[PDB]
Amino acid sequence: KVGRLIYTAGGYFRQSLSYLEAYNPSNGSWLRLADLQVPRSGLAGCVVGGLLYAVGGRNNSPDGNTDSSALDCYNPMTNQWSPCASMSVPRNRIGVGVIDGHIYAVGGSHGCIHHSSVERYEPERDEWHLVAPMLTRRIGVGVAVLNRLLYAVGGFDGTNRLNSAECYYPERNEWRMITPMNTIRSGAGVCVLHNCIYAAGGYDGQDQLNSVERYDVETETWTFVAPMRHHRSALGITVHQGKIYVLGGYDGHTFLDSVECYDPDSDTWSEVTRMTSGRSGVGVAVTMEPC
């Protein structure tokens, strides 16, 4: 369990960013690691087999906006990125979850197209294949996995921001709606902790949110927990050692550098560190420290 860092890849501040930086909760330090090959915001991160994957996003630059179909892999042992097979379609504002060593890429946008499509990557074969699409088109969708079921939460369908959510049952290759959230949220941070799917922050169509709610997969209810100190949309999120970490985002005024940590035992958030610069739209995951 020792030696794991919170990695943050990419993001947005004025333009899309190539940064890869890693935070060590055990000593408060940050390390700057190898830049992404292509800057990207609105991507997702995940880890399989100790390797960090950066999935989708968009490169916003002075010279254009390019939605990404890319999958790239970072090996902490070498501090190098390597390209993997690309997805079937570009997916900005994507959601990603891992089931049994396979990466699921969910939703996202390609220009004015809002995807319902979903595809699954097999690292051993370096191949993607499409699976059943969601029941709803969703960009800015939060995704998490609990008990080998994949959840897609909230987002924006091209016309409305969503409080709806749905679950994918892999053995049936089928999606079903679950109870909707109490709050409409696009660009929330979605993760799993214990028996619940958390949705933190986001944008409800009027304001960036500090509220946080959790879906108990047994009781099928959404319950609010303590709110974050800061309102934030387009935040990064992960779980490490039984606590939720939220990173950056936009509060309606500033691109935040603050990282807050949720302790479920006390139902409290605390500010634990700051990123080296404020940014939104990062991908985040946890794996072993580099070199």
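Numbering starts at 1 and follows the sequence shown.
Asks: Would 127-135 or 155-163 have the larger average of its C-alpha temperature factors, as given in the entry?
Replies: Per the PDB record, 155-163.
Asks: So which stretch wins on mean C-alpha B-factor, 198-206 or 85-93?
Replies: Stretch with the greater average CA B-factor: 198-206.
Asks: Just the C-alpha B-factor column, please: which of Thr238, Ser41, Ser266, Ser69 has the biggest number?
Replies: Result of the comparison over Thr238, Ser41, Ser266, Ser69: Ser266.
Asks: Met275's Cα B-factor: lowest, middle or highest third of the chain?
Replies: Within its chain, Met275 is a highest-third residue by C-alpha B-factor, going by the deposited values.
Asks: Quick one: classify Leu51 as lowest, middle or highest third of the chain based on its Cα B-factor.
Replies: It falls in the top third of the chain.
Asks: Once the chain's modelled residues are ordered by C-alpha B factor and cut into thirds, is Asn147 in the lowest, middle or highest one?
Replies: For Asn147, whose C-alpha B-factor we compare with every modelled residue in the chain, the answer is the lowest third.
Asks: Looking at the entry's B-factor column for C-alpha atoms only, identify whether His102 ranks in the lowest, middle or highest third of its chain.
Replies: For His102, the deposited C-alpha B-factor lands in the middle third.
Asks: Would you please rank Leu36 by its C-alpha temperature factor against the other modelled residues of its chain and give the third it falls in: lowest, middle or highest?
Replies: Within its chain, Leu36 is a middle-third residue by C-alpha B-factor, going by the deposited values.
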